[PDB]
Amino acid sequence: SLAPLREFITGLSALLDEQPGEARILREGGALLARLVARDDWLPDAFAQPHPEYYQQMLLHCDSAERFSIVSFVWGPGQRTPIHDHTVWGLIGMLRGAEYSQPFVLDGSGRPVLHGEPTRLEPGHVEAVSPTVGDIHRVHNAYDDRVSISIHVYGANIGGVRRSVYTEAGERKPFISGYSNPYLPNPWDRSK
């Protein structure tokens, strides 16, 4: 039941064991994640509950060597992120509902400016971020009336990464996201 999550963890671990370049991580990791979010039959309800004020970032798994971490992002109705970056590679897989992602780039003085049209991420689909491919964005729930969920995989313990968020007026601030959950799931019991 949690087996798809275990299979993703061990599949991604095997991929990263090969010391791949980022481009291959995003592509072949992207396919691994799309397989995980293709069927919505594994995420326990406890990791899908929204918070009335804040979007939830629930850690599902962190790699011992901190090569990656997996998070359930639970969007309450109409919720959105600030503009922010990541500083490491990231893959976002849509599980439930949908989200819009808007790219930003920094201008001459380091302020974020709109870059292009936003994209809509649908269930089963995956999108990448990184310093290389485009790292700064704002994401929001495509729905103002229901919960959406995406599964995020980052090339570090994301809850510990020192990165940047932008204020509403467009100033840069240091940012460490942390996690909402004291408890992680247990996908490791192979006794049954």
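From 1 onward, residues are counted along the sequence shown.
- The PDB entry records a higher mean C-alpha B factor for 50 to 58 than for its counterpart among 50 to 58 and 158 to 166.
- Stretches 63 to 71 and 144 to 152 differ in mean CA B factor, with 144 to 152 having the higher one.
- Residues shown: 26, 126, 32, 38. Highest C-alpha temperature factor in the entry: 38.
- The entry lists C-alpha B-factors for 97, 112, 90, 93, and the highest of these is at 97.
- Placement of the Cα temperature factor of residue 180 within the chain: highest third of the modelled residues, per the deposited record.
- Sort the modelled residues of the chain by CA B factor and residue 3 lands in the middle third.
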